[PDB]
Amino acid sequence: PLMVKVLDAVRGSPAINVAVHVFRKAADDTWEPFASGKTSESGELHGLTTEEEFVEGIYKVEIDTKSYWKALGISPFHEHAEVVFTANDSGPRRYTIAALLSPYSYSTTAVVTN
Amino acid sequence: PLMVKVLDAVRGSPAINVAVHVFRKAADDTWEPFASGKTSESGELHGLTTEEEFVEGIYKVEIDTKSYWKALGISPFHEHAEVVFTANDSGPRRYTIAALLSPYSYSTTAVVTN
Amino acid sequence: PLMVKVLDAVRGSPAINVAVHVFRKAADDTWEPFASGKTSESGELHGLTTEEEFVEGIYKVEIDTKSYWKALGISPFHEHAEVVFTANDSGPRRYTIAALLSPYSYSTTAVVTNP
Amino acid sequence: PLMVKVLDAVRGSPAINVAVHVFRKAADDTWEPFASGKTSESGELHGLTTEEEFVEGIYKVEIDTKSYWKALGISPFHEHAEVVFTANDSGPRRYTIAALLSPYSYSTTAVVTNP
Ligand SMILES: Cc1cc(/C=C/c2ccccc2)cc(C)c1O
Ligand SMILES: Cc1cc(/C=C/c2ccccc2)cc(C)c1O
């Protein structure tokens, strides 16, 4: 029910081998590790979770943008990109979190479908 | 070799049934019709052209954003969104033109791969 | 009543010396030249027009992004960024067209105010 | 040396009365409150800090987008927009953090200048 897609606005390409960490907000308001992986050759990270595990709650998707730019020999602005959202059962069932990266900027959108 | 993808930043969804027109710049500097279609349920328009037909040149992708917003009962700012670019044979072979739409803003990116 | 602001997402800076051409749709449906200029050291272009001259119409703001990236020695994707809009159709407004540039992507937004 | 600017992509207007909280990473790796405020009628928030107080560090600018869209009666996707960056590590700079908001999307950029 959760996919992450990362694109590179400098090169016009998928952002490949980017580390992505997902956290779930715990009852004590700390962030607990939930899922992680590296984006593929297509800039996508599939298979993070299952419908059973992905219960309603607040989630954070952290994208390791700084390492990505450093590997390309570029000095970037941000430490990482964060996307924080609530998963809601009455909304559509599948969430795609997309991020478009530049050295000093990023944009993100959610595509939520059934 | 050309795909167009359109997303809605207000609803968090693909932008469905959006008209898209592609033009090729002629030798007299006018824009000639090249390809057109309506985005699908996934917000994508596939099958616009073939490798044989998609020669080097300057192309314009016009997305009929105004009709899209009007159909949702929303008054938008732009008449349409335009994306104008050169197709180059020495670059990668497949072009995805992506647009993210809001009533008073849009963003676009190109993902060019082999 | 018309201002254009351009930022560079690679440098984290204003996009300076960007050429901007504005056109207005004529009665015969062609694009007539309306005004032009270049962004300053602040990435802003002021003074394109006056409230008298900026009548109702369909306007196109063409931002010459390829010339900007090539002047910097960089090969970008787009030829330019075009913003096309109806202006002043419920009376005079003030328009700021802002653009954020990367080599293979741009974002644009409008801020419309009623003086 | 720190300014935050927020625009609304639905209205084509400044995003007014948006709460912004800034944090700074402490020695113990926790986020310490640093400053806070609300955007004005222009969508800008000035006066968060001083050049003396804005020392080298890792800073987080949290823009309370959900409170903004809910204050407007709208149900948005994100809880907030977070911008996290190292500041002043090659000496004092001036930072503008700009954000463009939609219910299911946002864009942010930084303009970094050397006074
Ligand atoms: C312009 C833009 C494109 C994208 C890319 C969306 C996308 C999604 C699936 C396939 C290709 C592109 C993402 C964001 C956050 C953007 O601002
Ligand atoms: C198109 C756009 C404009 C803005 C606004 C930029 C800005 C900054 C200072 C003054 C005016 C506009 C911000 C972002 C993230 C954007 O994608």
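Residues numbered from 1 in each chain as written, not as in the entry; some residues may be left out. Chains lettered and ligands numbered in written order. Heavy atoms only, no water.

- As recorded in the entry header, the structure was determined using X-ray crystallography to a resolution of 1.520 Å.

- The PDB entry lists chain C under the name Transthyretin, with Homo sapiens given as the organism.
- Looking at the header, the entry is titled "Human transthyretin (TTR) in complex with 3,5-Dimethyl-4-hydroxystilbene".
- The UniProt entry for chain C carries this comment under Sequence similarities: "Belongs to the transthyretin family." (UniProt positions renumbered as here; feature names shortened; annotations may be inferred.)

- With the PDB entry as reference, chain A is termed Transthyretin, source organism Homo sapiens.
- Per UniProt, the comment on chain A under Function is "Thyroid hormone-binding protein. Probably transports thyroxine from the bloodstream to the brain."
- According to the UniProt record, the Subunit comment for chain A is "Homotetramer. Dimer of dimers. In the homotetramer, subunits assemble around a central channel that can accommodate two ligand molecules. Interacts with RBP4."

## Quick look at the site of ligand 2
Piece 1. In the vicinity of ligand 2 there are 13 residues, among which C:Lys5, C:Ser107, D:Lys5, D:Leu7 and D:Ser107 approach most closely.
Piece 2. More than one chain approaches ligand 2, the contributing ones being chains C and D.
Piece 3. Secondary-structure elements contributing two or more residues to the shell around ligand 2 are strand 1 (2-8), strand 8 (94-102) and strand 9 (105-113) of chain C together with strand 1 (2-8), strand 8 (94-102) and strand 9 (105-113) of chain D.
Piece 4. Among the elements that make up the shell around ligand 2, the one with the highest residue count is strand 9 of chain C (three residues).
Piece 5. Class assignment of the residues belonging to the shell around ligand 2 gives a composition of six nonpolar, five polar and two charged. (Near = heavy atom within 4 Å. Helix = DSSP H or I, 4+ residues; strand = E, 2+ residues; numbered from the N terminus. Nonpolar A, V, L, I, M, F, W, Y, C, P; charged D, E, K, R; others polar.)

## A short note on the sheet that holds strand 3 (residues 19-25) of chain C
Piece 1. With respect to topology, eight strands assemble into an open sheet ordered 4(B)-3(B)-6(B)-7(B)-7(C)-6(C)-3(C)-4(C), the strand pairing being antiparallel. The open sheet has two edge strands, strand 4 (31-38) of chain B together with strand 4 (31-38) of chain C, and neither has a second partner. This sheet shows a mean twist of 20 degrees between the axes of neighbouring strands, independent of strand direction. (Pairing = 2+ DSSP bridges. Axes fitted to C-alpha atoms, helices over the stretch in contact; angles between N-to-C directions.)

## Quick look at the interface of chain B and chain A
Piece 1. With 10 residues of chain B at the interface, the matching set in chain A holds 10 residues.
Piece 2. Of the roughly 750 Å² buried where chain B meets chain A, counting both sides, 67% is carbon and sulfur surface.
Piece 3. Ranking the residues of chain B by area buried against chain A places B:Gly12, B:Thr109 and B:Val111 at the top, with a combined share of 45%.
Piece 4. Linking chain B with chain A are two residue pairs in polar contact.
Piece 5. Of all the secondary-structure elements, those providing two or more residues to the side of chain B that touches chain A are strand 2 (13-14) and strand 9 (105-113) of chain B.
Piece 6. Among the elements that take part in the side of chain B that touches chain A, strand 9 of chain B stands out by supplying five residues, more than any other. (Contact = heavy atoms within 4.5 Å. Buried area = accessible area lost by both parts, 1.4 Å probe. Polar contact = N/O pair within 3.5 Å; in protein donor to acceptor, adjacent residues only side chain to side chain.)

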